[PDB]
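A.B. asks: Pasting an experimental structure with its sequence.
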Amino acid sequence: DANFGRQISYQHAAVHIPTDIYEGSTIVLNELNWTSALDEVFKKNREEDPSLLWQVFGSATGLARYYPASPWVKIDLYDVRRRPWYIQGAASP
Amino acid sequence: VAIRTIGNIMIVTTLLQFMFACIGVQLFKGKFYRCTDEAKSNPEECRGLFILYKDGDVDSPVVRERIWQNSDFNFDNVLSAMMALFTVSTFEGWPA
Ligand SMILES: *[C@@H]1O[C@H](CO)[C@@H](O[C@@H]2O[C@H](CO)[C@@H](O[C@@H]3O[C@H](CO)[C@@H](O)[C@H](O)[C@H]3NC(C)=O)[C@H](O)[C@H]2NC(C)=O)[C@H](O)[C@H]1NC(C)=O
Ligand SMILES: *[C@@H]1O[C@H](CO)[C@@H](O)[C@H](O)[C@H]1NC(C)=O
């Protein structure tokens, strides 16, 4: 679609897990359940404003779930916990 | 004829090697395991992939899988202990 440089899907939300973080662990899997309830409110947010760009939840466990679902972009070194937008909301100056 | 000369010593040395193998089994039973990356201690944390830096350079990373490996010469049981102690007695690889 337009207003997006890549191919996306509004059916659900993609999940990004850092390379150095093992998916399937108890910490990750528990976080991977209760964040599935964000899919409906991801859709509900986008219905009033169809001009809405990426909505992302950066968990303290390391995984980042964003909407709409779209494939991730050499090795991967992205960690959501080190991003500037995550850091300013984690603490104060 | 020569071979029978050490009919006694060759027995006491085998007995002592067996006793030391049993002591080593008691001392280092299963303690020689380690993970592929030197950052995970438990076997539960040694699962999945990890980022490895070649030659200690932070600018050249490679993706490798971490495996909870065991030492080639371990002390898990009596036979392995005897093999490890024999290799030690040959004076090869004993510092490692
Ligand atoms: C964490 O994962 C759990 C299992 O994967 C989820 O628990 C399951 O949720 C299902 C739907 O939400 C439940 O199905 C229905 O539950 C209602 C009770 O509210 C009942 O009608 C029936 O039990 C069932 N109906 C059916 C099957 O037609 C499961 O019962 C429930 N438990 C399981 C499968 O053991 C959690 O929802 C999930 N957590 C979050 C936050 O999503
Ligand atoms: C969104 O912002 C626009 C102005 O840019 C405003 O007109 C509108 O009421 C706001 N809310 C929705 C749901 O569009």
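C.D. replies: Looks like it arrived, so ask away. Numbering: from 1, shown residues only, chains lettered A, B, ... in the order given. Ligands and ions are numbered 1, 2, ... in the order given.

A.B. asks: C-alpha from now on. contacts and neighbour counts both.
C.D. replies: OK.

A.B. asks: longest helix in chain B, by residue count?
C.D. replies: helix B:9-27 (DSSP state H).

A.B. asks: dump the residue contacts of residue 48.
C.D. replies: As the question left the chain open, I've gone with chain A. Contact partners of residue A:48, counting by Cα atoms under 8 Å, 6 or more residues apart in numbering or on different chains, are absent.

A.B. asks: I was after chain B.
C.D. replies: Per Cα under 8 Å, 6+ apart, neighbours of residue B:48: A:20-23, B:65-66.

A.B. asks: can you pull out the strands in chain A?
C.D. replies: A:14-16, A:55-58, A:64-67 (DSSP state E).

A.B. asks: and these, which is most packed in?
C.D. replies: Mean neighbour count (mean count of other Cα atoms under 10 Å in any protein chain shown) peaks for strand A:64-67 among these, with a mean of 22.

A.B. asks: centre of the chain versus it, how much separation?
C.D. replies: 2 Å (Cα atoms, centre = their mean, to the nearest Å).

A.B. asks: And whichever residue of chain B sits closest to ligand 1, how close does it get to residue A:81?
C.D. replies: The minimum distance from chain B to ligand 1, using Cα to the nearest ligand atom, falls at residue B:44 (22.3 Å). Look at residue B:44 and residue A:81: by Cα to Cα, to the nearest Å, they are 23 Å apart.

A.B. asks: of these two, who's got more company?
C.D. replies: Between residue B:44 and residue A:81, counted using other Cα atoms under 10 Å in any protein chain shown, the more crowded position is residue A:81 (17 against 9).

A.B. asks: And the more buried one, how close does it get to ligand 1?
C.D. replies: 23 Å (Cα to the nearest ligand atom, to the nearest Å).

A.B. asks: which residue packs closest to that residue, ignoring adjacent ones?
C.D. replies: Distances taken as Cα to Cα, 6 or more residues apart in numbering or on different chains put residue A:62 closest to residue A:81, at 6.4 Å, once the chain neighbours are dropped.

A.B. asks: Quick check, the one you found in contact with residue A:21.
C.D. replies: Yes - between residue A:62 and residue A:21 there is a contact at 7.3 Å, judged by Cα atoms under 8 Å.

A.B. asks: And residue A:25, its phi and psi?
C.D. replies: The phi/psi pair for residue A:25 (degrees, to the nearest 10) reads phi -70, psi 160.
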